[PDB]
Amino acid sequence: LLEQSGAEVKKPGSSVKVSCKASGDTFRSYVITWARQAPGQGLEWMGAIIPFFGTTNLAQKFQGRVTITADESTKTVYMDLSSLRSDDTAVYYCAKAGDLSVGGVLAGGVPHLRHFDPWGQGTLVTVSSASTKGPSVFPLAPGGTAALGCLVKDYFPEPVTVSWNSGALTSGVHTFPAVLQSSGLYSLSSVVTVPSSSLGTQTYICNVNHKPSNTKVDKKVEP
Amino acid sequence: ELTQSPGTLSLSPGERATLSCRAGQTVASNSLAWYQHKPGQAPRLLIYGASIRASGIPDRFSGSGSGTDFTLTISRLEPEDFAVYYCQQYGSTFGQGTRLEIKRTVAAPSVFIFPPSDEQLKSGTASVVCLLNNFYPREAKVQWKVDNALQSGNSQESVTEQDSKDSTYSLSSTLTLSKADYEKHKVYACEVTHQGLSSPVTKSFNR
Amino acid sequence: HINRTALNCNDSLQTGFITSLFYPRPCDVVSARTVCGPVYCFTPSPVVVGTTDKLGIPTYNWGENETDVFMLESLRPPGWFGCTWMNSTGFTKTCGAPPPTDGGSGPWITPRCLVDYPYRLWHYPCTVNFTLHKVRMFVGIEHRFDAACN
Ligand SMILES: *[C@@H]1O[C@H](CO)[C@@H](O[C@@H]2O[C@H](CO)[C@@H](O)[C@H](O)[C@H]2NC(C)=O)[C@H](O)[C@H]1NC(C)=O
């Protein structure tokens with residue numbers, strides 16, 4: 001089992017430092033890898049570390065920009081990137097490449113890579129200049145069926161979770177992936193399909209949740 | 001140096017998904033893996049080494065390949081097997097994963113368009129929202145028309161993830177314009193040109 | 001200074017012989033392309049040879065290069081001599097004069113006694129049940145080491 005750190009929002013200039021809590025007892029001989037994926041592009045391998053010997057060797061792309069270190073006092077391996085960009089705004093996972101004791105690795109100091117059976121939960125890190133802002137929530141009101149939505153606008157920190165009707169209504173609801181405006185504040189809308197004749201039957205209310213800004217809102221939705 | 005193909009795959013449950021993973025320079029077949037990644041979850045290990053199934057991996061998944069070329073295969077396509085599949089070499093490099101999709105019959109888009117509300121007009125910014133609901137396949141085109149005139153550069157299009165229950169996407173387009181320009185144009189239309197549609201649908205509303 | 005331990009270990013069979021660290025051929029130069037962990041020589045007592053260069057220079061490379069070597073000639077007494085290490089495959093190796101009263105190859109001062117050292121048990125597993133006595137003897141210089149005897 002590999003635990004990870006919390007979602008961190010940092011300015012592009014500054015560095016990020018995300019941990020990885022490791023379960024097993026042979027921590028000295030664990031070889032641990034960090035690697036990430038871009039919202040558009042595929043996976044790519046950054047590098048792997050050895051805690052007892054403190055030896056890493058990394059891909060050609062991040063050889064200079066990233067530094068990996070580990071402290072075995074606490075069963076955690078750390079991950080640090082200097083001068084972030086928007087190119088590096090992505091999701092960062094932790095994987096156990098292998099155990100040195102039975103790995104059959106450690107050739108020429110540099111560690112080789114083995115399959116990563118356990119994988120960390122992942123740590124998103126939003127790298128933008130724009131400062132944390134709360135989401136505005138407007139109503140999208142309106143044979144066939146009906147459609148009524150909730151629009152959640154102008155929020156910089158993302159994770160955004162929308163609920164409907166005290167989280168008591170689950171069927172045919174959609175809440176889109178965030179879109180990033182040129183301003184650098186995300187936006188998304190939570191639509192649902194009901195019966196074409198449930199519209200005047202029952203009150204609809206969307207329940208938006210914004211963790212990083214500590215905001216929360218109930219908004220009636222009627223024409 | 002890993003070349004996957006195809007980019008996307010779309011098959012119906014009970015079909016045989018076959019996906020290649022190639023190398024420019026030959027790999028020792030020792031060090032090559034496959035992974036099943038689900039959004040909001042952590043990537044899962046399916047094959048470790050060569051033609052070996054990891055633990056907690058149903059019999060349907062099957063590794064193969066030696067030398068430069070490699071293949072994952074599934075004979076029984078169950079309905080959770082439709083995540084993105086990365087392959088990887090150790091030593092280490094990945095490929096751009098393949099997307100495994102749910103073949104369904106064409107379903108046209110239920111289409112709805114919403115007015116920007118008064119609570120948003122009094123705030124100075126206006127935004128219309130068109131809605132393609134419970135349709136398949138994903139590819140679509142929502143052209144905006146304001147005052148019978150074709151808008152460009154103002155829109156954005158977020159598309160949802162493939163539905164697990166009924167295997168239909170939903171798309172929403174969002175036109176964003178100043179209030180001043182909003183108050184100055186009448187005919188706020190939205191045009192859907194989907195493959196399930198004989199003529200293009202257009203729902204609209206007048207300010 | 002720990003950068004002078006040669007670390008080339010090809011355990012392609014998954015034996016696990018590297019756990020200990022984490023927890024008739026005469027002595028000569030041995031290229032460190034084939035060394036897994038410490039290289040101990042026993043002049044009359046244990047010494048920790050590190051990855052050197054051919055002219056004696058200590059290289060802080062973990063033994064990565066083709067011309068990183070260990071130097072076992074250079075520690076011989078002007079006497080009895082032996083060294084040991086773990087090559088990459090995990091097989092223990094030995095260098096020393098051929099043998100009765102005469103000492104063994106690598107760490108066997110006696111046919112039945114061994115110079116106890118920090119990686120003795122890793123290099124020689126069968127020696128666990130051997131109990132230890134303390135010894136202090138001149139052979140121009142005064143040495144102090146421990147004996148692990150059959
Ligand atoms: C480690 O040393 C062992 C022997 O001490 C090497 O294995 C020997 O290999 C030669 C030729 O390949 C054979 O003739 C011997 O019979 C082998 N000895 C044993 C005991 O099996 C081994 O190759 C060395 N490791 C490496 C990586 O070179």
# chains A, B, ... in the order shown; residues from 1 in each chain; ligands from 1
>>> residues_near_ligand(ligand="ligand 1", cutoff="12 Å", atoms="only C-alpha atoms and all ligand atoms", output="MDAnalysis selection string")
(chainID A and resid 104 107) or (chainID C and resid 8:12 24:25 30:36 84:95)
>>> write_last_selection(atoms="C-alpha atoms", output="mmCIF file, in the first residue's frame")
data_model
loop_
_atom_site.group_PDB
_atom_site.id
_atom_site.type_symbol
_atom_site.label_atom_id
_atom_site.label_comp_id
_atom_site.auth_asym_id
_atom_site.auth_seq_id
_atom_site.Cartn_x
_atom_site.Cartn_y
_atom_site.Cartn_z
ATOM 1 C CA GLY A 104 17.937 -8.549 -8.978
ATOM 2 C CA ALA A 107 23.622 -2.788 -11.300
ATOM 3 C CA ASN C 8 26.856 -4.514 -9.284
ATOM 4 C CA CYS C 9 24.450 -7.298 -8.333
ATOM 5 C CA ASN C 10 22.647 -9.360 -11.001
ATOM 6 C CA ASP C 11 20.109 -11.413 -9.032
ATOM 7 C CA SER C 12 18.086 -12.530 -12.036
ATOM 8 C CA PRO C 24 42.527 -21.751 -5.174
ATOM 9 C CA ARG C 25 43.221 -18.593 -7.218
ATOM 10 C CA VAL C 30 39.832 -7.977 -9.682
ATOM 11 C CA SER C 31 37.831 -5.735 -12.007
ATOM 12 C CA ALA C 32 34.887 -4.248 -10.115
ATOM 13 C CA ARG C 33 32.522 -4.852 -13.055
ATOM 14 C CA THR C 34 31.925 -8.145 -11.187
ATOM 15 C CA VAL C 35 31.681 -7.050 -7.526
ATOM 16 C CA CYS C 36 28.505 -7.044 -5.411
ATOM 17 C CA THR C 84 36.848 -12.270 -0.133
ATOM 18 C CA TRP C 85 33.841 -10.591 -1.710
ATOM 19 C CA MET C 86 30.468 -11.359 -3.301
ATOM 20 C CA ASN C 87 30.560 -11.243 -7.077
ATOM 21 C CA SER C 88 27.451 -10.040 -8.914
ATOM 22 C CA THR C 89 25.796 -13.466 -9.205
ATOM 23 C CA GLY C 90 26.041 -13.824 -5.420
ATOM 24 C CA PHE C 91 28.711 -16.531 -5.380
ATOM 25 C CA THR C 92 31.378 -15.933 -2.739
ATOM 26 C CA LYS C 93 34.963 -15.787 -3.999
ATOM 27 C CA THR C 94 38.392 -16.212 -2.467
ATOM 28 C CA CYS C 95 42.045 -15.447 -3.146
#
>>> residues_around(residues="residue A:3", least_positions_apart="3", cutoff="6 Å", atoms="only C-alpha atoms", output="PyMOL selection string")
chain A and resi 20-21+120
>>> write_last_selection(atoms="N, CA, C and O atoms", output="tab-separated table (two decimals), in the first residue's frame")
chain	number	residue	atom	x	y	z
A	20	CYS	N	5.30	10.19	-0.37
A	20	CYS	CA	4.69	8.88	-0.59
A	20	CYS	C	4.91	8.01	0.64
A	20	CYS	O	6.03	7.54	0.87
A	21	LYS	N	3.84	7.72	1.37
A	21	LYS	CA	3.90	6.80	2.50
A	21	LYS	C	3.93	5.36	2.02
A	21	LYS	O	3.10	4.95	1.20
A	120	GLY	N	0.25	4.59	-6.08
A	120	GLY	CA	-0.31	5.59	-5.20
A	120	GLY	C	-1.62	6.15	-5.71
A	120	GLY	O	-1.98	6.04	-6.88
>>> residues_around(residues="stretch 138-152 of chain A", least_positions_apart="3", cutoff="8 Å", atoms="only C-alpha atoms", output="ChimeraX atom specification")
/A:135,155,187-197,199,206,208,219-223 /B:112-117,119-120,129
>>> atom_distance(atom1="atom CA of residue B:142", atom2="atom CA of residue B:84")
26.7 Å
>>> closest_atom_pairs(of="chain A", to="chain B", cutoff="8 Å", atoms="only C-alpha atoms", output="Markdown table")
| residue | atom | partner | partner_atom | distance |
| --- | --- | --- | --- | --- |
| A:41 | CA | B:96 | CA | 6.9 |
| A:42 | CA | B:96 | CA | 4.6 |
| A:43 | CA | B:94 | CA | 6.1 |
| A:44 | CA | B:94 | CA | 5.6 |
| A:45 | CA | B:93 | CA | 6.0 |
| A:59 | CA | B:92 | CA | 7.8 |
| A:93 | CA | B:42 | CA | 7.6 |
| A:112 | CA | B:91 | CA | 4.6 |
| A:113 | CA | B:91 | CA | 4.3 |
| A:114 | CA | B:90 | CA | 5.7 |
| A:115 | CA | B:48 | CA | 5.8 |
| A:116 | CA | B:45 | CA | 7.2 |
| A:117 | CA | B:45 | CA | 5.9 |
| A:118 | CA | B:44 | CA | 8.0 |
| A:119 | CA | B:42 | CA | 6.2 |
| A:120 | CA | B:42 | CA | 6.6 |
| A:121 | CA | B:42 | CA | 5.6 |
| A:122 | CA | B:42 | CA | 6.8 |
| A:138 | CA | B:120 | CA | 6.8 |
| A:139 | CA | B:117 | CA | 6.7 |
| A:140 | CA | B:114 | CA | 5.7 |
| A:141 | CA | B:114 | CA | 6.3 |
| A:142 | CA | B:114 | CA | 6.2 |
| A:147 | CA | B:112 | CA | 6.6 |
| A:174 | CA | B:170 | CA | 7.5 |
| A:175 | CA | B:160 | CA | 7.5 |
| A:176 | CA | B:160 | CA | 5.3 |
| A:177 | CA | B:158 | CA | 5.8 |
| A:178 | CA | B:158 | CA | 6.9 |
| A:179 | CA | B:158 | CA | 6.3 |
| A:188 | CA | B:158 | CA | 7.7 |
| A:193 | CA | B:133 | CA | 7.9 |
>>> interface_residues(of="chain C", to="chain A", cutoff="8 Å", atoms="only C-alpha atoms", output="PyMOL selection string")
chain C and resi 6-19+22-23+33+61-64
>>> closest_residue(among="B:200, B:56, B:153, B:124", to="residue B:141", atoms="only C-alpha atoms")
B:200
>>> closest_residue(among="C:53, C:68, C:5, C:41", to="residue C:117", atoms="only C-alpha atoms")
C:41
>>> residues_around(residues="residue A:124", least_positions_apart="3", cutoff="9 Å", atoms="only C-alpha atoms", output="list in words")
residues 6, 7, 8, 9, 89, 90, 91, 92 and 93 of chain A
